[PDB]
Every structure is written in C-alpha cells, then in structure tokens.
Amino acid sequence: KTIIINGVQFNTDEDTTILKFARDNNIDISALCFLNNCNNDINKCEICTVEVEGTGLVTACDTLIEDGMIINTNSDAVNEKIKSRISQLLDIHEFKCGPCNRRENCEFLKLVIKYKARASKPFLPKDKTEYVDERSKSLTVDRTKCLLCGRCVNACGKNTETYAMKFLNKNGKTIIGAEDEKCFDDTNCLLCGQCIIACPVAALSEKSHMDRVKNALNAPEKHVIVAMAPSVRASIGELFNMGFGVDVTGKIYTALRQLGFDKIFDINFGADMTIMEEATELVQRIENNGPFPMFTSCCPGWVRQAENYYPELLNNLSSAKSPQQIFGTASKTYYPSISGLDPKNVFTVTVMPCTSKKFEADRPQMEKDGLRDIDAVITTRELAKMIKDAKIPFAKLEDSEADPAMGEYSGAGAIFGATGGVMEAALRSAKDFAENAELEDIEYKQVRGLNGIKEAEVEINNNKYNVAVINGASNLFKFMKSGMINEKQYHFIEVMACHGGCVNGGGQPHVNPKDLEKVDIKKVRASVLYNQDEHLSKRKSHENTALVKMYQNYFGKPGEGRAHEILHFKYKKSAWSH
C-alpha cells in the first residue's frame, strides 16, 4: 500500500502503527504513555498526535497505517495540540528539576523543552505529605510528579501478572498505588521495582538508604564494608555517558575508596558461598530423594511471590541464604576473626540492581546476636548519585582491585546476574561434588537466553535429572497455572522475578524508550558477566581460594555444623488459624 508522510511517498506492505512505521523511517514523532507496545487506553496522553488528511488528529501510537493516508507530523495544529497536552500535565506537576532524582534523564522534561510548554498555573503545594508515600522498605511514591500515564500499571501486569500497581479513586481523585492504597509491602506486591523502570519521571523511586550509609561513613568508630552485586559492574557506566555494556569493575573499586569506604569486598564472593551451600544441598536431596523439586531462594522477589501465592512450595526452597545475606552473615562473624574489628562496629553496605533486596535486608530474623547481616542497601542509581555528588570523575578513574579476603570470585559467581546464571553455576559445583571429580566441560548454554521458561536434562553421577529456569515472575505464574510443574519430575528449578535476570532489576539505570528499541539491554548487560566468566582462571565456586581458606579456617564443611547453623535461612508457611 501507499502512504504519504510529510510529502514523502512510501510504498509498504507492513501492517503496523503510524508511530512505529515512522520510527523505522527516520521520521520523528513524540510519545509519552506508549511503552512495551501498550499505551494508556483510558487516558491517552496524545503526545503522539499526528494529522491524517480527511480524518483529522489521530494518535499515531495505536492507529494502523492504511492505503491512501496522507500524514503530517509537524503542522501547526499538531504542535499546538501536543504543546497543550504538556501544558495541562504541567498544571499537575511540581516543576522543580533542581533537586530531582531524574534531573539528568527525565522524559517529561525533554518534552517540555522540545515544545517549550508552560503551565497555565504552576503547580506548587507546600506540603507534600499527602502526595508522598514512604511506608515501604523498597518503593516510594511522589504523586506531585505523577503524569498518570499508566506505564507502571501496564509494566506490573506484563512483568509480574500480579497487577499490584493499580489505578485508585482517592477521595474522588485519580491516583496510582497499591491495593486499597495500602503500603505495598502489605499487599501481594513483589517489590521488584519494574514499575519504577517504566516510570518516565521521578514519581516512583527506591526507598533511600543513602542517609544510613553517609552517617555510618562519618561515624568515627564505624568500619564500613561495601560490596557490589554482579550486575552493577555491567550497568552503572550508562549513567556516566560511557555507553552500554561497558565493564567498569575496576573503576567502581576506585570510586568506592574515594567515597570513604573502609573495606572493598564483592557480593560475587557471597555468590560462591551460596553455591557452596546450595550445591551441597542438591546432592543431599539426591541421596535422600527429595524434597523435589528444589527452588532457588536468592531472589527476594520470587520469595515474596511464593509466600503470597504458593506457600506450599516454601519448604522446597533452598535453605541457603542469598549471596547478599550470606555475605553479610560472614561480614559480622568471619571477617572480625581475621581483622580484629569489634563486630558491633562493622557496618555492611551492599550495592544492588534491586529494590527488593532492601526488603530482604530488613527482614527481622536476618540477624544474629543483635547484629544485622546487612545494615544498608543502595541501588545502582543511588551509588551513581553518590559518586556525582562527591564530584568523582568516574569515567577518568584508574582501575584498582578489591580486598581479596571476601572479594575474590570465580566465573560461576560472576554470572549470577543473568537468567540461568545461578542454575549453571550450581551445576558446575553439584556435578563435581556428586561424582567426586574435576570436570572439564562446565558450560550449560541450554539454560541461558531470554526465553521465558527454559528446561534441560542433565546427568549427575550416572543418573539423569530435570532442571528448569523460570525467567520472570509472569513466567512463574504461567509455569504453575498451566500445570507444567506436573508434566515431568523436576529436581532443581531457578526462579527470577525480573525478566532477563538481575541485570534488569528495579534498581538499575533507566533507559529511554528510544534506546531500548536500539539496544538489547538485557543481553548487552549480561554479556559483560559471561565475558568475565570466560576469562577468569577459576570458573567454579569451590575453586575460590579465598572462600576455601574461609571454610577451612572458620566454618568447616558446607551444609554441616556451623555453616548450616548460621549461613542458612528457612521460609515456612503460617500455621493454621481461624
């Protein structure tokens, strides 16, 4: 068919929207509420307005192209409409970009500038108490920024299928929030933060821990440990104009030292620990025959999903603590034993791509003798802001190393941040443990990739077992509801709340819709992790020399005695009541 756009003739056969056809042909059309192939069906922002000859003004983001169409995207009538919509949004938006946390990458600000729009009356409330919800340990809402674009609502539905984020009618006004306007933590919400990643403005944010950290750094008697997650070294560089998929590991260690942290360790070291305990546990359940299947328990998003939707599976979860929590436990016990520090004075901080990790760290029972496993969790975004505030030229920094005692990590622990990572890492150790050997081929590419549900047959000690990798909370629901759990006998299953793995977590850097269609962010970030695994001398968790001497000198045998006593954590369904 034939269509005219701004005087240019196109002969196409494709059946698609005006917006996406224009994007494919270097024609600029603005958009706001359109994301993940969905717009706000109930309250269209109409930023994507174009003019179709013979019809009038139409929304390009949900209008299909058709033969005989003559389209104009930059007429005066079009621009007047768009500018008007942005103006109306400014009438309900506290326009103070100064101290805003989305100052450097806000979609709305760029639209205001582009169309040079202004408010009819500047929205200025001098008491944001009614507009702000900070009850959650993971999420925060500022409704002075909310455009009601519904992107959070759609994102939650598609990613989790919980629909925990909803449109609400608060006193006759329309808002977004949790069920019955409750605290998110008190609902079926997973605290995965996918609603944040979809937010075009600073309406949705993580619960800040930056004050916890700064007060600890300035406390004379406090010894502050810092340790980053796998995905951070593959991501944070984006917020310093370094592009995508840049390994900035060495730069982070340097920046963390200039920030004043007293010790530089790594969560990947803790990931090797989780494997030591979990791989041991897998071999245990084999010889004891069950309980099968065993589910991973390192994702607090999936834990909450199980607790809220599938409590009968809680006993099937691995007792091994998550890399963050298992690391923290050792930071307050093992680390003082080799440093002389008073355990009370140790302050453990982690850097995560995750908002759910905040809720996990503040779990009441996640402590021992009054000492928290983890005292503070800051996101990838929070660390980046901390660096810029201290005016540290991150991009120019020289590479340094972490402190080895709890900083060394194998390639197995390095790939934790990608879907199927824990699965593969665990099989590298579990296979050696059961067969009592040191195998050569350790790459399980069948469990890798962005497929929603991934299963494979593996052979452990002359016997075949079935494993599965659930990629995204929505795929867990699919996996269970469709009855795939019963089709065959599974023995070991990985579950991750965020599709793509932790590299796509809720605490990660925002990426505008434009770059997302250009870049496979989930694969580009993950590639950094796998590339480290390929070049590392040690590619098995139990070959981690620093970890070996820790177990030899302090803990003992994994899955036994002391190691089982303090490095493990069991979830149990609530007892019967009425």
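The numbering used is simple: start at 1 and walk along the sequence shown. Just so we're on the same page, rigid core means the largest C-alpha set that superposes within 1.5 Å between forms.
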{"query": "Core-aligned Cα RMS comparison in 7 other deposited structures of this protein - stretch that moves more, 489 to 497 or 67 to 75", "finding": "67 to 75"}
{"query": "Which of 431 to 439 and 270 to 278 has higher mean CA B factor, as the PDB entry lists it", "finding": "431 to 439"}
{"query": "Mean Cα B-factor comparison, 498 to 506 or 455 to 463, giving the higher one as deposited", "finding": "455 to 463"}
{"query": "107, 342, 375, 80, ranked by C-alpha B-factor: the highest one", "finding": "80"}
{"query": "Selection by C-alpha B-factor (highest) of 194, 188, 154, 171", "finding": "171"}
{"query": "Where the record places residue 398 (Cα B-factor, split into thirds across the chain)", "finding": "highest"}
{"query": "Chain-relative CA temperature factor third for residue 391", "finding": "highest"}
{"query": "Where the record places residue 59 (Cα B-factor, split into thirds across the chain)", "finding": "middle"}
{"query": "For residue 31, the third of its chain into which the C-alpha B factor falls", "finding": "lowest"}
{"query": "Residue 238, C-alpha B-factor rank within chain (lowest, middle or highest third)", "finding": "lowest"}
